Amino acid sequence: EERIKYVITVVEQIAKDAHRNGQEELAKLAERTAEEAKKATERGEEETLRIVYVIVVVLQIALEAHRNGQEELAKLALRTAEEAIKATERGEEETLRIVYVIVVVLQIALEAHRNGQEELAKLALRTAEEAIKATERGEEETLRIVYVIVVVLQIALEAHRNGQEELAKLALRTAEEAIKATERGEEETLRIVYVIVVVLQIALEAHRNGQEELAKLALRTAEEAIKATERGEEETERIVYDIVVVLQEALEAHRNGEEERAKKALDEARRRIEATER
């Protein structure tokens, strides 16, 4: 009720500002978004209104990307908005989820540019471009891999801000092997990529939760897994998985306040890592 009024007010402010700034393509997209938002308000279509909020965010990205000289990011934000508007009348139920992921990775690109992580910012644009290409053309399976890429890109951004530079470098490398494999089509490689991302999630969370020893073991697991991703073995996925299962137990035992079991899982995880390195 009052919230959709807020969203319509915001997008109308964007169009006025875009007109004043000479951003005619952005301004007209905002106007059509405002027109679409009012139609969905009279029809009570909640799902269309949810897409409206996401579209307004990516239009904010486009206006801000232009103000920062990030013209390529601005063009991708506009393409995202155009594709999102067309799909509202098309009737794709997955439109909200697809556009949501694209907007999140576009946010990473803009934020990484402000934080000096140009390498990460460049990678986020490529992920968005492939996601936009997949949606504009009709590629379905790619979007599943896009989700995992955006997750590991989030890890790299947070690790850099948290001072975990070793984790940030690994996350940057992991996404590239995913982006390279996405455009190459190697599906067996992507399975190992998924497990590595879980490993990187553990390392990020363990560092924040006073589990530095656990985090270091997770880094060893991921760094050993990348050397085998470039080796090309399916037994690697099983080997990493057996490490992941017990790395998770130590993390979950700490959350539940069971330090005795946390040490037991930690030592078994270390033993499994040592055998692979041996």
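Numbering starts at 1 and runs along the sequence shown.
Chemist: Output the stretch having the higher mean C-alpha B factor in the entry; the candidates are 198-206 and 126-134.
Modeler: Stretch with the higher mean C-alpha B-factor: 126-134.
Chemist: Do the CA atoms of 243-251 or those of 36-44 have the higher mean B-factor in the entry?
Modeler: Here the higher of the two C-alpha B-factor means belongs to 36-44.
Chemist: For the C-alpha B-factor as written in the entry, point me to the maximum among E89, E158, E165, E111.
Modeler: That would be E89.
Chemist: Among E82, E119, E183, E71, where is the Cα B factor highest in this entry?
Modeler: So the option with the highest C-alpha B-factor is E183.
Chemist: Comparing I179 with the other modelled residues of its chain, is its CA B-factor in the lowest, middle or highest third?
Modeler: Its C-alpha B-factor, which the entry lists for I179, ranks in the highest third among residues of this chain.
Chemist: Where does the C-alpha B-factor of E64 rank in its chain, lowest, middle or highest third?
Modeler: It belongs to the middle third of the chain when residues are ordered by C-alpha B-factor.
Chemist: Would you check the entry's CA temperature factor for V101 and let me know if it's in the chain's lowest, middle or highest third?
Modeler: As the PDB entry reports it, the C-alpha B-factor of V101 lands in the lowest third of its chain.
Chemist: Compare the C-alpha B factor of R144 with those of the other modelled residues in its chain, then answer lowest, middle or highest third.
Modeler: Middle third of the chain for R144's C-alpha B-factor.
Chemist: Where does the C-alpha B-factor of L78 rank in its chain, lowest, middle or highest third?
Modeler: CA B-factor rank for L78: lowest third.
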